[PDB]
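Single-structure report; data block below.
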Amino acid sequence: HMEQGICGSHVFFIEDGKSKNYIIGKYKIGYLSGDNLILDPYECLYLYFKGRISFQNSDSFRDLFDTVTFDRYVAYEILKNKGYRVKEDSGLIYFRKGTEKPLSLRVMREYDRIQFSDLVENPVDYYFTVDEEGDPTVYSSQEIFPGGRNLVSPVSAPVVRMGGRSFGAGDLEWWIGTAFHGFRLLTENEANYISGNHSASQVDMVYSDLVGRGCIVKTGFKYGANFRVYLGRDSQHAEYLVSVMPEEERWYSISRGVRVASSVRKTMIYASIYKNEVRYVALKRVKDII
């Protein structure tokens, strides 16, 4: 007959006459309790797709599939097929190569509320995401410290608002502003900077912190970000794309940014005044893991 196990109220039969220890031995999952194999929701589902076990009741599959979510499941499977030892709990998916410290994966959903604070007090090493076509995406977020290699100087100039735009003299740091008939077309931020209003707003505070680091800040609107930043002198394209994370945030925004960024081969940086300081956090797609 078929040796069988159980996944919480769900009895299944091991296919092709395989010992319970075969499974345990081969997939490093589950355990024995009496003459039954005890599989957790994931493992059970996992093996079910492996064609390794059948179900007593028809509902079971669906039930367990609902129990664990598609998102969380796909993650489980991938990490599993890749080779890791997986284990979910506390609302996180832990995986290790074998005996080293595990790694926390955090399955996300476009409409989940994301916060900068979370990105800095990061309890998880990765953020996972599966799209509408079952395609997975892993991300990573770490506090960064932009290093501009540009000669910085204090710029306190006179600003004039005319025609609905702000302007300054045509000599300020060659890079600050734009050339317009001997004048210099300013951005609302650039105006506040040489105007001496660094505390105007949070985006202003970051703007200054940024320039002060040796970076050159130009508007990053053509990307949906507050600004683009060049780290070096002769920089053909801006390495960083920085955006100030507003009051409430939705993940797709984060997700979105990372895309329009990698596309233009730049890096998404999220700034915010965390604990009285202007810190930055880089978010990027992660390969290897999955």
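For the structure tokens, the naming scheme is as follows: chains receive sequential letters (A, B, ...) according to their order of presentation, residues are indexed from 1 within each chain, and ligands are indexed from 1 in presentation order.
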task = Would you mind listing what lies within 8 Å of segment 149-153 of chain A as a list in words, with only C-alpha atoms counted and same-chain residues fewer than 4 positions away left out?
result = residues 211, 212, 213, 214, 215, 216, 231, 232 and 233 of chain A
key: All strand (DSSP E) positions in segment 163-279 of chain A, as a ChimeraX atom specification   = /A:165-169,178-180,183-185,216-219,227-230,240-244,249-250,267-274,277-279
inquiry  = So that I can check the surroundings of residue 217 of chain A, please list as a ChimeraX atom specification every protein, DNA and RNA residue that reaches within 12 Å of it, counting only C-alpha atoms and ignoring chain neighbours fewer than 3 positions away.
reply    = /A:146,148,150,152,173,175-177,186-187,189-190,193,203-204,206-214,220-221,225-232,238-243
Please write the residues from the selection above to a file, keeping C-alpha atoms, as a compact mmCIF listing (two decimals), in the first residue's frame.
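Produced file part_27.txt, reproduced below:
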```
# COMPACT_ATOMS: atom_id res chain seq x y z
CA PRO A 146 27.11 59.37 -1.22
CA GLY A 148 30.97 63.34 -4.19
CA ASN A 150 33.57 67.66 -6.40
CA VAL A 152 32.50 72.46 -2.95
CA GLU A 173 28.97 77.22 -9.98
CA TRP A 175 26.72 73.44 -12.87
CA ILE A 176 24.11 75.12 -10.66
CA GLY A 177 21.18 76.24 -12.80
CA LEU A 186 17.02 78.06 -11.37
CA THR A 187 14.99 75.20 -9.98
CA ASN A 189 15.52 73.92 -4.93
CA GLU A 190 18.56 75.66 -6.40
CA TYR A 193 20.07 76.80 -1.74
CA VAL A 203 13.89 68.00 0.23
CA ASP A 204 15.82 71.19 0.72
CA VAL A 206 18.72 66.77 1.64
CA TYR A 207 19.62 68.97 -1.34
CA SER A 208 22.16 70.84 0.76
CA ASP A 209 23.45 67.77 2.57
CA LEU A 210 23.88 66.34 -0.91
CA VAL A 211 25.74 69.20 -2.53
CA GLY A 212 27.87 69.52 0.59
CA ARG A 213 29.07 65.94 0.07
CA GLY A 214 30.80 66.84 -3.18
CA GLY A 220 15.69 64.20 -11.61
CA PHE A 221 12.16 64.78 -12.90
CA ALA A 225 12.70 61.38 -8.67
CA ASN A 226 13.47 64.57 -6.77
CA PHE A 227 16.93 64.68 -8.30
CA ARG A 228 19.79 63.05 -10.15
CA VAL A 229 23.29 63.31 -8.77
CA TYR A 230 26.72 63.13 -10.36
CA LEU A 231 29.44 61.81 -8.02
CA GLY A 232 32.43 62.76 -10.15
CA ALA A 238 24.35 60.63 -13.11
CA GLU A 239 25.18 57.58 -11.01
CA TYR A 240 22.45 58.23 -8.47
CA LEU A 241 18.79 58.90 -8.62
CA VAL A 242 17.62 60.24 -5.29
CA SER A 243 14.11 60.75 -3.99
```
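For the choices A:234, A:249, A:277, A:132, the atom-to-atom distance to residue 112 of chain A is smallest for A:249 when using only C-alpha atoms.
Shortest separation to residue 74 of chain A among A:283, A:200, A:244, A:45 occurs at residue A:45, atoms counted being only C-alpha atoms.
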So that I can see what lies close to segment 125-131 of chain A, please list as a PDB file with C-alpha atoms, in the first residue's frame the residues with an atom at most 7 Å from it, counting only C-alpha atoms and leaving out residues fewer than 5 positions away in the same chain.
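What ended up in around_0.pdb:
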```
ATOM      1  CA  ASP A  71       3.419  34.923  -3.096  1.00  0.00           C
ATOM      2  CA  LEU A 103      18.723  35.015   5.790  1.00  0.00           C
ATOM      3  CA  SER A 104      15.356  36.722   6.089  1.00  0.00           C
ATOM      4  CA  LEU A 105      13.233  37.144   3.007  1.00  0.00           C
ATOM      5  CA  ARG A 106      10.272  39.540   3.221  1.00  0.00           C
ATOM      6  CA  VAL A 107       7.447  38.855   0.768  1.00  0.00           C
ATOM      7  CA  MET A 108       5.937  42.225  -0.169  1.00  0.00           C
ATOM      8  CA  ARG A 109       2.831  43.401  -2.026  1.00  0.00           C
ATOM      9  CA  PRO A 136       9.967  36.921  -8.846  1.00  0.00           C
ATOM     10  CA  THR A 137      12.025  39.914  -7.787  1.00  0.00           C
ATOM     11  CA  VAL A 138      14.371  40.235  -4.841  1.00  0.00           C
ATOM     12  CA  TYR A 139      15.574  43.583  -3.530  1.00  0.00           C
ATOM     13  CA  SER A 140      18.103  44.790  -0.996  1.00  0.00           C
TER      14      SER A 140
END
```
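For the set A:266, A:42, A:258, A:85, the residue with the smallest atom-to-atom gap to residue 101 of chain A is A:85, counting only C-alpha atoms.
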Any idea what's packed within 10 Å of residue 96 of chain A, counting only C-alpha atoms, ignoring anything in its chain fewer than 2 positions away? Could you give it as a PDB file with C-alpha atoms, in the first residue's frame?
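Listing of part26.pdb after writing:
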```pdb
ATOM      1  CA  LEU A  79      14.563  29.120  -2.717  1.00  0.00           C
ATOM      2  CA  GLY A  83      19.009  24.427  -2.998  1.00  0.00           C
ATOM      3  CA  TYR A  84      18.529  26.320   0.275  1.00  0.00           C
ATOM      4  CA  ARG A  85      17.107  24.964   3.495  1.00  0.00           C
ATOM      5  CA  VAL A  86      13.959  27.052   3.915  1.00  0.00           C
ATOM      6  CA  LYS A  87      11.699  27.747   6.868  1.00  0.00           C
ATOM      7  CA  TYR A  94      14.383  32.124   6.453  1.00  0.00           C
ATOM      8  CA  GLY A  98      23.414  24.747   5.056  1.00  0.00           C
ATOM      9  CA  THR A  99      24.492  25.608   8.592  1.00  0.00           C
ATOM     10  CA  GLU A 100      25.411  29.296   8.419  1.00  0.00           C
ATOM     11  CA  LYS A 101      23.241  32.102   9.765  1.00  0.00           C
ATOM     12  CA  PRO A 102      19.906  32.099   7.918  1.00  0.00           C
ATOM     13  CA  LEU A 103      18.723  35.015   5.790  1.00  0.00           C
ATOM     14  CA  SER A 104      15.356  36.722   6.089  1.00  0.00           C
TER      15      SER A 104
END
```
remark   = Counting only C-alpha atoms, the residue among A:134, A:168, A:41, A:257 that lies closest to residue 192 of chain A is A:168
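Among the candidate residues A:141, A:156, A:263, A:272, the one lying nearest to residue 198 of chain A is A:156, with distances computed using only C-alpha atoms.
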task = Name the residues of segment 56-218 of chain A that come out as helix (DSSP H, G or I) in a backbone DSSP run; write them as a PyMOL selection string.
result = chain A and resi 59-67+70-82+116-120+188-194+202-212
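As for atom CA of residue 155 of chain A and atom CA of residue 171 of chain A, they are spaced 10.7 Å apart.
Nearest to residue 251 of chain A of all the residues A:60, A:115, A:201, A:178 is A:115, based on only C-alpha atoms.
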key: Distance query residue 57 of chain A at most 10 Å, only C-alpha atoms, self and fewer than 5 positions along chain excluded, as a ChimeraX atom specification   = /A:10-12
